[PDB]
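Reproduced below: entry_35.cif, with mmCIF, C-alpha atoms.
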```
data_target
#
loop_
_atom_site.group_PDB
_atom_site.id
_atom_site.type_symbol
_atom_site.label_atom_id
_atom_site.label_comp_id
_atom_site.auth_asym_id
_atom_site.auth_seq_id
_atom_site.Cartn_x
_atom_site.Cartn_y
_atom_site.Cartn_z
ATOM 1 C CA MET H 1 48.068 -40.998 -61.111
ATOM 2 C CA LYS H 2 50.788 -41.321 -63.661
ATOM 3 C CA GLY H 3 50.183 -42.593 -67.176
ATOM 4 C CA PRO H 4 52.564 -45.544 -67.199
ATOM 5 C CA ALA H 5 50.909 -47.110 -64.158
ATOM 6 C CA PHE H 6 47.469 -46.884 -65.814
ATOM 7 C CA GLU H 7 48.814 -48.215 -69.115
ATOM 8 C CA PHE H 8 50.364 -51.210 -67.379
ATOM 9 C CA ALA H 9 47.191 -51.711 -65.330
ATOM 10 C CA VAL H 10 44.899 -51.779 -68.343
ATOM 11 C CA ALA H 11 47.139 -54.275 -70.191
ATOM 12 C CA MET H 12 47.275 -56.603 -67.191
ATOM 13 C CA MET H 13 43.495 -56.563 -66.564
ATOM 14 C CA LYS H 14 42.557 -57.077 -70.206
ATOM 15 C CA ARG H 15 44.766 -60.173 -70.483
ATOM 16 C CA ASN H 16 44.668 -61.837 -67.020
ATOM 17 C CA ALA H 17 41.632 -60.533 -65.013
ATOM 18 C CA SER H 18 38.103 -61.877 -64.679
ATOM 19 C CA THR H 19 34.989 -61.458 -62.519
ATOM 20 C CA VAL H 20 34.383 -64.194 -60.001
ATOM 21 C CA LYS H 21 31.478 -65.124 -57.734
ATOM 22 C CA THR H 22 31.740 -67.418 -54.735
ATOM 23 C CA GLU H 23 29.090 -68.147 -52.076
ATOM 24 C CA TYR H 24 30.432 -65.129 -50.160
ATOM 25 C CA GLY H 25 30.568 -62.395 -52.796
ATOM 26 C CA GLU H 26 31.658 -60.982 -56.120
ATOM 27 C CA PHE H 27 35.380 -60.367 -56.650
ATOM 28 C CA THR H 28 38.002 -59.260 -59.153
ATOM 29 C CA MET H 29 40.347 -62.175 -59.837
ATOM 30 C CA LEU H 30 43.810 -61.948 -61.403
ATOM 31 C CA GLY H 31 45.393 -64.926 -63.130
ATOM 32 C CA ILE H 32 49.131 -65.227 -62.597
ATOM 33 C CA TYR H 33 50.502 -68.071 -64.763
ATOM 34 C CA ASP H 34 49.387 -71.480 -66.134
ATOM 35 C CA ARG H 35 46.019 -72.146 -64.477
ATOM 36 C CA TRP H 36 46.922 -70.382 -61.180
ATOM 37 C CA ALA H 37 45.050 -67.294 -59.995
ATOM 38 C CA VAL H 38 44.617 -65.371 -56.728
ATOM 39 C CA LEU H 39 41.669 -64.325 -54.567
ATOM 40 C CA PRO H 40 41.323 -62.653 -51.204
ATOM 41 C CA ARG H 41 41.179 -65.341 -48.536
ATOM 42 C CA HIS H 42 37.694 -64.323 -47.487
ATOM 43 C CA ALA H 43 36.291 -65.173 -50.943
ATOM 44 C CA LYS H 44 36.524 -68.799 -49.728
ATOM 45 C CA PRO H 45 36.225 -70.417 -53.186
ATOM 46 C CA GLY H 46 34.447 -73.787 -53.159
ATOM 47 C CA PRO H 47 34.831 -76.828 -55.436
ATOM 48 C CA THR H 48 33.579 -74.613 -58.242
ATOM 49 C CA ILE H 49 33.435 -70.854 -58.836
ATOM 50 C CA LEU H 50 31.615 -68.667 -61.330
ATOM 51 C CA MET H 51 34.205 -66.986 -63.573
ATOM 52 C CA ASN H 52 32.649 -64.521 -66.007
ATOM 53 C CA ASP H 53 29.245 -66.164 -65.326
ATOM 54 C CA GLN H 54 30.584 -69.609 -66.184
ATOM 55 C CA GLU H 55 31.008 -72.485 -63.758
ATOM 56 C CA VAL H 56 34.666 -73.479 -63.408
ATOM 57 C CA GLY H 57 36.060 -76.302 -61.288
ATOM 58 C CA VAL H 58 38.770 -75.607 -58.692
ATOM 59 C CA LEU H 59 41.596 -78.189 -58.796
ATOM 60 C CA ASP H 60 43.518 -76.828 -55.799
ATOM 61 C CA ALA H 61 43.201 -73.957 -53.302
ATOM 62 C CA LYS H 62 45.942 -72.799 -50.924
ATOM 63 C CA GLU H 63 45.301 -70.359 -48.106
ATOM 64 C CA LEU H 64 48.661 -68.647 -47.677
ATOM 65 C CA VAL H 65 50.386 -68.318 -44.314
ATOM 66 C CA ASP H 66 53.990 -67.428 -43.396
ATOM 67 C CA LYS H 67 56.527 -69.813 -41.761
ATOM 68 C CA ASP H 68 54.820 -69.378 -38.382
ATOM 69 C CA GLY H 69 51.278 -69.964 -39.607
ATOM 70 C CA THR H 70 50.303 -66.286 -39.647
ATOM 71 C CA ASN H 71 47.560 -65.310 -42.114
ATOM 72 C CA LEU H 72 48.544 -63.555 -45.338
ATOM 73 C CA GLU H 73 44.860 -63.137 -46.459
ATOM 74 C CA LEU H 74 45.430 -64.646 -49.923
ATOM 75 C CA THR H 75 44.083 -67.791 -51.509
ATOM 76 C CA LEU H 76 45.800 -69.150 -54.607
ATOM 77 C CA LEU H 77 43.630 -71.357 -56.752
ATOM 78 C CA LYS H 78 44.230 -73.630 -59.701
ATOM 79 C CA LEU H 79 41.410 -73.700 -62.245
ATOM 80 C CA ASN H 80 40.138 -76.634 -64.370
ATOM 81 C CA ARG H 81 40.295 -74.851 -67.675
ATOM 82 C CA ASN H 82 42.221 -75.235 -70.907
ATOM 83 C CA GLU H 83 43.267 -71.630 -71.577
ATOM 84 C CA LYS H 84 46.424 -70.511 -69.801
ATOM 85 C CA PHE H 85 47.065 -67.161 -68.257
ATOM 86 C CA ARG H 86 49.890 -65.071 -69.576
ATOM 87 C CA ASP H 87 52.798 -65.688 -67.184
ATOM 88 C CA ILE H 88 53.139 -62.368 -65.318
ATOM 89 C CA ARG H 89 55.378 -63.548 -62.502
ATOM 90 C CA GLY H 90 58.171 -61.329 -63.891
ATOM 91 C CA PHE H 91 56.060 -58.335 -62.755
ATOM 92 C CA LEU H 92 55.957 -59.537 -59.126
ATOM 93 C CA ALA H 93 58.374 -58.060 -56.574
ATOM 94 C CA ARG H 94 60.655 -60.348 -54.533
ATOM 95 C CA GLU H 95 59.681 -58.463 -51.328
ATOM 96 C CA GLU H 96 57.157 -55.769 -50.254
ATOM 97 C CA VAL H 97 57.744 -52.671 -52.406
ATOM 98 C CA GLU H 98 56.621 -49.110 -51.722
ATOM 99 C CA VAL H 99 55.749 -46.718 -54.595
ATOM 100 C CA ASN H 100 54.594 -43.098 -54.781
ATOM 101 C CA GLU H 101 51.755 -43.632 -57.240
ATOM 102 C CA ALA H 102 49.661 -46.768 -57.678
ATOM 103 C CA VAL H 103 46.412 -47.678 -59.397
ATOM 104 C CA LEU H 104 43.751 -50.055 -58.059
ATOM 105 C CA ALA H 105 41.909 -51.894 -60.817
ATOM 106 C CA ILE H 106 38.410 -53.367 -60.291
ATOM 107 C CA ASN H 107 36.091 -55.292 -62.589
ATOM 108 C CA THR H 108 32.785 -56.608 -61.118
ATOM 109 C CA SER H 109 29.108 -56.062 -62.008
ATOM 110 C CA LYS H 110 29.038 -53.203 -59.506
ATOM 111 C CA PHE H 111 32.284 -51.597 -60.713
ATOM 112 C CA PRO H 112 32.819 -52.506 -64.351
ATOM 113 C CA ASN H 113 36.288 -51.843 -65.787
ATOM 114 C CA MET H 114 37.190 -49.164 -63.257
ATOM 115 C CA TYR H 115 40.627 -47.762 -62.360
ATOM 116 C CA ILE H 116 41.361 -45.716 -59.263
ATOM 117 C CA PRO H 117 44.531 -43.724 -58.630
ATOM 118 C CA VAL H 118 45.307 -44.408 -54.963
ATOM 119 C CA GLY H 119 48.637 -42.540 -54.634
ATOM 120 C CA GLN H 120 51.323 -43.783 -52.246
ATOM 121 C CA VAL H 121 51.555 -47.393 -51.153
ATOM 122 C CA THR H 122 53.125 -48.022 -47.708
ATOM 123 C CA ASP H 123 54.490 -51.342 -46.407
ATOM 124 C CA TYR H 124 52.366 -51.385 -43.278
ATOM 125 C CA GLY H 125 53.112 -54.899 -42.112
ATOM 126 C CA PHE H 126 51.096 -56.315 -39.236
ATOM 127 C CA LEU H 127 47.361 -55.750 -39.050
ATOM 128 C CA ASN H 128 44.625 -57.299 -36.981
ATOM 129 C CA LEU H 129 42.000 -57.831 -39.690
ATOM 130 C CA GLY H 130 38.589 -58.716 -38.287
ATOM 131 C CA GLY H 131 40.219 -60.401 -35.328
ATOM 132 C CA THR H 132 42.766 -62.363 -37.327
ATOM 133 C CA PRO H 133 46.422 -61.413 -37.042
ATOM 134 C CA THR H 134 47.701 -60.788 -40.566
ATOM 135 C CA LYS H 135 51.029 -59.847 -42.090
ATOM 136 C CA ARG H 136 52.543 -58.255 -45.234
ATOM 137 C CA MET H 137 49.836 -55.604 -45.484
ATOM 138 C CA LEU H 138 50.130 -52.690 -47.844
ATOM 139 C CA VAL H 139 48.173 -49.505 -47.110
ATOM 140 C CA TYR H 140 46.929 -46.637 -49.274
ATOM 141 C CA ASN H 141 44.409 -43.824 -48.840
ATOM 142 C CA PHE H 142 41.408 -43.254 -51.076
ATOM 143 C CA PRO H 143 37.603 -43.142 -50.659
ATOM 144 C CA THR H 144 36.747 -46.828 -50.207
ATOM 145 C CA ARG H 145 33.587 -48.658 -51.239
ATOM 146 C CA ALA H 146 32.232 -52.155 -50.505
ATOM 147 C CA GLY H 147 32.695 -54.664 -53.332
ATOM 148 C CA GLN H 148 36.291 -53.789 -54.205
ATOM 149 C CA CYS H 149 37.852 -57.021 -52.828
ATOM 150 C CA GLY H 150 40.253 -58.766 -55.193
ATOM 151 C CA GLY H 151 41.052 -55.511 -56.930
ATOM 152 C CA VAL H 152 44.539 -55.409 -58.294
ATOM 153 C CA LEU H 153 47.084 -52.919 -56.937
ATOM 154 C CA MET H 154 49.667 -51.951 -59.529
ATOM 155 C CA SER H 155 52.407 -49.472 -60.372
ATOM 156 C CA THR H 156 54.451 -49.075 -63.531
ATOM 157 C CA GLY H 157 55.711 -52.566 -64.283
ATOM 158 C CA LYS H 158 54.579 -54.120 -60.960
ATOM 159 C CA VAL H 159 51.658 -56.035 -59.637
ATOM 160 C CA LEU H 160 52.059 -55.021 -55.980
ATOM 161 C CA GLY H 161 49.129 -56.663 -54.282
ATOM 162 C CA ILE H 162 45.520 -57.812 -54.027
ATOM 163 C CA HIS H 163 42.941 -55.586 -52.229
ATOM 164 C CA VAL H 164 41.572 -57.405 -49.168
ATOM 165 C CA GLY H 165 39.770 -54.759 -47.145
ATOM 166 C CA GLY H 166 39.088 -51.145 -46.534
ATOM 167 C CA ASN H 167 36.960 -48.763 -44.620
ATOM 168 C CA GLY H 168 36.572 -45.025 -44.702
ATOM 169 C CA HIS H 169 39.554 -43.627 -46.605
ATOM 170 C CA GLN H 170 41.957 -46.503 -45.932
ATOM 171 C CA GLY H 171 42.546 -49.537 -48.181
ATOM 172 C CA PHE H 172 44.746 -52.599 -47.590
ATOM 173 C CA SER H 173 46.248 -55.146 -49.973
ATOM 174 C CA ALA H 174 48.010 -58.393 -49.363
ATOM 175 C CA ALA H 175 51.458 -58.075 -50.950
ATOM 176 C CA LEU H 176 51.768 -60.333 -53.999
ATOM 177 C CA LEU H 177 55.289 -61.830 -53.770
ATOM 178 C CA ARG H 178 57.152 -63.679 -56.498
ATOM 179 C CA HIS H 179 58.014 -66.767 -54.382
ATOM 180 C CA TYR H 180 54.322 -67.477 -53.736
ATOM 181 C CA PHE H 181 54.273 -68.782 -57.350
ATOM 182 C CA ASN H 182 57.386 -70.963 -57.460
ATOM 183 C CA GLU H 183 56.891 -74.319 -59.196
#
```
Show me, as C-alpha cells, the structure contained in the file I just sent.
Amino acid sequence: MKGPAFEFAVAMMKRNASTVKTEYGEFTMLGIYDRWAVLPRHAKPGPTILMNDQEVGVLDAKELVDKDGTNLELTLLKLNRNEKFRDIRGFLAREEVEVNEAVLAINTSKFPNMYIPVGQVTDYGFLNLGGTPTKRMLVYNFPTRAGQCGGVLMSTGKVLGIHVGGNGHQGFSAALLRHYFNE
C-alpha cells in the first residue's frame, strides 16, 4: 500500500505486460526477457495465443516442475515476435521472499489496468491446488475475484510471483525465481 511498490508496478506493467487469451481463459501475461514470458500453468497456451487481440505463435512452452517433478504451476513460453521484452531478471529474487506490502497488478478486458494492494506476502510452500500437489506458493489476503490469473505480484524493486488461484479472501502466487530464466 506503499507508493514505491505501486510506482515499480506501474513501470513494469507498462513496459512488459500484455493481455492474453488461450482456449481456457483470459490472463495477464508478463514478459521477462528476450521473447520469454510467463503464464499460469492452467492457461495451457497452444501453438498460438492471442496477445493484445493479435495472434502470436508459441515457439516453446515449458511447464515448470522442481527436481522431483512436483508442479510449480507456471508455464514459461517463448513467443514468435520481433520486439524484445525489457530484461527484468534483475528484479527477480534468488529464492522465495516475504514482504510486508505488495501490489497485485491485473490487465484484462474484465479488469483493465487495475492495481490492488494486497499487504503481506507469506512463503506458504506446499499446497494441494485442485488435487495437484504444488510447491513454492506465496499467500496473501484480499477480496478475490475470478479472472485475476496471471496477475503480477510485486513489491518495491521485486517481481515476486504470478497469481495462480484464489478463493474468498485468500490469493496464491507461484514464486517467480531468477534461476527459472537462466540461459
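Interatomic distance, CA of residue 159 in chain H to CA of residue 71 in chain H: 20.2 Å.
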Within 8 Å of range 98-102 of chain H using all atoms listed in the file, minus same-chain residues under 5 positions, as a ChimeraX atom specification: /H:1-2,5,117-123,153-156
Selection: 9 Å around residue 171 in chain H, only C-alpha atoms, excl. self and same-chain fewer than 6 positions, as a PyMOL selection string: chain H and resi 118+138-144+163-165
Computed interatomic separation between CA of residue 125 in chain H and CA of residue 70 in chain H (Å): 12.0 Å
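Counting all atoms listed in the file, the residue from H:152, H:127, H:54, H:181 that sits nearest to residue 107 in chain H is H:152.
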Selection result of the PyMOL selection byres ((chain H and resi 27) around 12) on this file, as a PyMOL selection string: chain H and resi 17-26+28-30+38-45+49-52+105-112+146-152+162-165
Chain and number of each residue from the PyMOL selection byres ((chain H and resi 32) around 9), as a ChimeraX atom specification: /H:16,30-31,33-38,85-89,181
Output C-alpha atoms for every residue in the selection just made, as a short mmCIF file (atom, residue, chain, number, x, y, z; two decimals), in the coordinates of the input.
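And here is the file that came out, again_8.cif:
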```cif
data_model
loop_
_atom_site.label_atom_id
_atom_site.label_comp_id
_atom_site.auth_asym_id
_atom_site.auth_seq_id
_atom_site.Cartn_x
_atom_site.Cartn_y
_atom_site.Cartn_z
CA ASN H 16 44.67 -61.84 -67.02
CA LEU H 30 43.81 -61.95 -61.40
CA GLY H 31 45.39 -64.93 -63.13
CA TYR H 33 50.50 -68.07 -64.76
CA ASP H 34 49.39 -71.48 -66.13
CA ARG H 35 46.02 -72.15 -64.48
CA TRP H 36 46.92 -70.38 -61.18
CA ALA H 37 45.05 -67.29 -60.00
CA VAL H 38 44.62 -65.37 -56.73
CA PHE H 85 47.06 -67.16 -68.26
CA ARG H 86 49.89 -65.07 -69.58
CA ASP H 87 52.80 -65.69 -67.18
CA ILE H 88 53.14 -62.37 -65.32
CA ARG H 89 55.38 -63.55 -62.50
CA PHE H 181 54.27 -68.78 -57.35
#
```
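For the atom pair formed by CA of residue 158 in chain H and CA of residue 91 in chain H, the distance is 4.8 Å, given to one decimal.
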Nearest-residue call for residue 72 in chain H, choices H:168, H:4, H:133, H:160, using all atoms listed in the file: H:133
Residues matched by the PyMOL selection byres ((chain H and resi 65) around 12), written as a list in words: residues 41, 62, 63, 64, 66, 67, 68, 69, 70, 71, 72, 73, 74, 75, 76, 132, 133, 134, 135, 136, 174 and 180 of chain H
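In this comparison, which uses only C-alpha atoms, the residue of H:145, H:131, H:177, H:94 approaching residue 116 in chain H most closely is H:145.
With all atoms listed in the file as the atoms that count, the minimum distance from residue 83 in chain H to the choices H:46, H:129, H:103, H:15 is reached by H:15.
Of the listed residues (H:13, H:56, H:92, H:97), H:92 comes nearest to residue 157 in chain H; the distances count all atoms listed in the file.
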For range 79-105 of chain H, supply N, CA and C atoms and report the output as a compact mmCIF listing (two decimals), in the frame of the given file.
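Writing done, so here's rebuild.txt:
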```txt
# COMPACT_ATOMS: atom_id res chain seq x y z
N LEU H 79 42.68 -73.48 -61.56
CA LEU H 79 41.41 -73.70 -62.24
C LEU H 79 41.45 -74.86 -63.26
N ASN H 80 40.33 -75.57 -63.37
CA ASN H 80 40.14 -76.63 -64.37
C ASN H 80 39.66 -76.01 -65.65
N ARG H 81 40.60 -75.47 -66.40
CA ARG H 81 40.30 -74.85 -67.68
C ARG H 81 41.48 -75.05 -68.60
N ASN H 82 41.22 -74.95 -69.89
CA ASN H 82 42.22 -75.24 -70.91
C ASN H 82 43.09 -74.03 -71.26
N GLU H 83 42.49 -72.84 -71.31
CA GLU H 83 43.27 -71.63 -71.58
C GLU H 83 44.28 -71.42 -70.47
N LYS H 84 45.44 -70.86 -70.82
CA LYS H 84 46.42 -70.51 -69.80
C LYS H 84 46.48 -69.02 -69.67
N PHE H 85 46.74 -68.55 -68.46
CA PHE H 85 47.06 -67.16 -68.26
C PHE H 85 48.43 -66.86 -68.88
N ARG H 86 48.58 -65.65 -69.38
CA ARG H 86 49.89 -65.07 -69.58
C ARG H 86 50.70 -65.14 -68.27
N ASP H 87 51.92 -65.64 -68.35
CA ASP H 87 52.80 -65.69 -67.18
C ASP H 87 53.28 -64.28 -66.82
N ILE H 88 52.76 -63.72 -65.72
CA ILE H 88 53.14 -62.37 -65.32
C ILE H 88 53.96 -62.35 -64.04
N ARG H 89 54.56 -63.48 -63.68
CA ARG H 89 55.38 -63.55 -62.50
C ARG H 89 56.59 -62.60 -62.56
N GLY H 90 57.05 -62.26 -63.76
CA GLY H 90 58.17 -61.33 -63.89
C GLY H 90 57.79 -59.92 -63.45
N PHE H 91 56.50 -59.65 -63.27
CA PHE H 91 56.06 -58.34 -62.76
C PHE H 91 55.74 -58.37 -61.25
N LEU H 92 56.06 -59.48 -60.59
CA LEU H 92 55.96 -59.54 -59.13
C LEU H 92 57.28 -59.21 -58.46
N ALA H 93 57.20 -58.44 -57.37
CA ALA H 93 58.37 -58.06 -56.57
C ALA H 93 58.83 -59.24 -55.71
N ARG H 94 60.12 -59.27 -55.37
CA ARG H 94 60.66 -60.35 -54.53
C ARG H 94 60.31 -60.11 -53.05
N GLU H 95 60.13 -58.84 -52.68
CA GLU H 95 59.68 -58.46 -51.33
C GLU H 95 58.71 -57.27 -51.39
N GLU H 96 58.03 -56.95 -50.29
CA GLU H 96 57.16 -55.77 -50.25
C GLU H 96 57.88 -54.55 -50.81
N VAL H 97 57.22 -53.87 -51.74
CA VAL H 97 57.74 -52.67 -52.41
C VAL H 97 56.82 -51.48 -52.13
N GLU H 98 57.39 -50.32 -51.85
CA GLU H 98 56.62 -49.11 -51.72
C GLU H 98 56.78 -48.31 -53.01
N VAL H 99 55.73 -47.58 -53.39
CA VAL H 99 55.75 -46.72 -54.60
C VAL H 99 55.01 -45.42 -54.30
N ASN H 100 55.26 -44.37 -55.08
CA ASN H 100 54.59 -43.10 -54.78
C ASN H 100 53.25 -42.96 -55.47
N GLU H 101 53.05 -43.67 -56.57
CA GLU H 101 51.76 -43.63 -57.24
C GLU H 101 51.35 -45.03 -57.68
N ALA H 102 50.18 -45.48 -57.24
CA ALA H 102 49.66 -46.77 -57.68
C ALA H 102 48.24 -46.59 -58.19
N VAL H 103 47.74 -47.62 -58.85
CA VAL H 103 46.41 -47.68 -59.40
C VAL H 103 45.78 -48.96 -58.88
N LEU H 104 44.53 -48.88 -58.45
CA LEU H 104 43.75 -50.06 -58.06
C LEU H 104 42.71 -50.34 -59.14
N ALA H 105 42.72 -51.55 -59.67
CA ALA H 105 41.91 -51.89 -60.82
C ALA H 105 40.83 -52.90 -60.39
```
